[PDB]
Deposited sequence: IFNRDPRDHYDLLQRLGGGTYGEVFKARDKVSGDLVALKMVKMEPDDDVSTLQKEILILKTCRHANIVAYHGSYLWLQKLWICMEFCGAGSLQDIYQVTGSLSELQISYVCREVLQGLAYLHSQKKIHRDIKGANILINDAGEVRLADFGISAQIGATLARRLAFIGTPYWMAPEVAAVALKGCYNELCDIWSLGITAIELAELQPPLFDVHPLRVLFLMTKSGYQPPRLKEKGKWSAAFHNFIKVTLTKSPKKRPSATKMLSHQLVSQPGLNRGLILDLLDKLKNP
């Protein structure tokens, strides 16, 4: 983590949403994304060092490249590879729902990133449309993977108060005790999201959604229209949304599934999508 004004090395161009910036390298000419974070009272950047070193050693085509961080004037600027189409959520809010094939390509590319992340003993944890970014070439990039500020404040005010927590609580509070196969589940939900513009139960209260998942006789969600999709896509959803982690398949096992291993899946499918965005 570097320790100077990133304006020295980069030129700001425009705000995007939520304060992420379009920017260009003054020397290299490469476009970048700068994710900025305010840091007021008693934030410590040195507690994000194990999570930055996870993000730095991630070197894969389907992961957003990390380029370095900048602490300056009580602000943390995280620099990254720019994806000019935004997230799949940004796109589908204009385009409407994705075709099965477009979803199939997305799922394979996401699976490829997850396979890589899992082989390194890393877990993504927040797989959804908003974190699947798309470049102008129609390639698929997973975004950064929480432990800071008002977010880390709120999250623990739930589990307990940190100074009074036991080690077993602490362990759960930081990491969740759960495994890589959680991302496989999250992908299955994302495939429904892309298909239907919302995940299952988006009109239901989040806590009740969580509660029901723990109850006996729980049924994992499904695609709403049966006839719109192939049996292969219905199977992809069945299998990713396996209730038990013990029986849910791995990312590499999922790359053998008909839906993602079928021929003719490539970035052209998303080039159609980005054309549709421009002409909606």
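No C-alpha coordinates means not modelled. Give me those stretches of the deposited sequence in order. In the chain as deposited, 19 to 22, 150 to 152 carry no coordinates.
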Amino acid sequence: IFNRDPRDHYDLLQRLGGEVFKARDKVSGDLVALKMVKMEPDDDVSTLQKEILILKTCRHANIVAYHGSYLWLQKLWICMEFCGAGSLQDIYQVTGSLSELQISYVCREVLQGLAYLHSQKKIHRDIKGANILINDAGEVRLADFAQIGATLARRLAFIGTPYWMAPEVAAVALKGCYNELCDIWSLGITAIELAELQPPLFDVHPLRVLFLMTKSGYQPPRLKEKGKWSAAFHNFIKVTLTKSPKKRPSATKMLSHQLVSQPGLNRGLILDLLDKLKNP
From here on, numbers count along this sequence of modelled residues.
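For the C-alpha atoms alone, is the average B factor greater in 65 to 73 or in 51 to 59, going by the entry? On average, C-alpha B-factors are higher across 51 to 59.
Using only C-alpha atoms and the B-factors in the entry, which stretch averages higher, 8 to 16 or 263 to 271? Looking at the record's C-alpha B-factors, the answer is 8 to 16.
Have a look at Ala251, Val37, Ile237, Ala231 and flag the one whose Cα has the highest B-factor in the entry. Of the candidates given, the C-alpha B-factor peaks at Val37.
At the C-alpha atoms, which of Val106, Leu194, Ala153, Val169 reaches the highest B-factor in this entry? Result of the comparison over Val106, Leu194, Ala153, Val169: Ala153.
Please place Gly149 in the lowest, middle or highest third of its chain according to the CA B-factor in the PDB entry. Highest third, going by the recorded CA B-factors of the chain.
Can you tell me which third, lowest, middle or highest, the CA B-factor of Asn179 falls into for its chain? Its C-alpha B-factor belongs to the highest third of this chain's values.
Taking the entry's C-alpha B-factors for this chain, is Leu255 in the lowest, middle or highest third? It belongs to the middle third of the chain when residues are ordered by C-alpha B-factor.
Taking the values exactly as deposited, rank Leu223 by C-alpha B-factor within its chain and report the matching third: lowest, middle or highest. Lowest third, going by the recorded CA B-factors of the chain.
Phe158's Cα B-factor: lowest, middle or highest third of the chain? For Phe158, the deposited C-alpha B-factor lands in the highest third.
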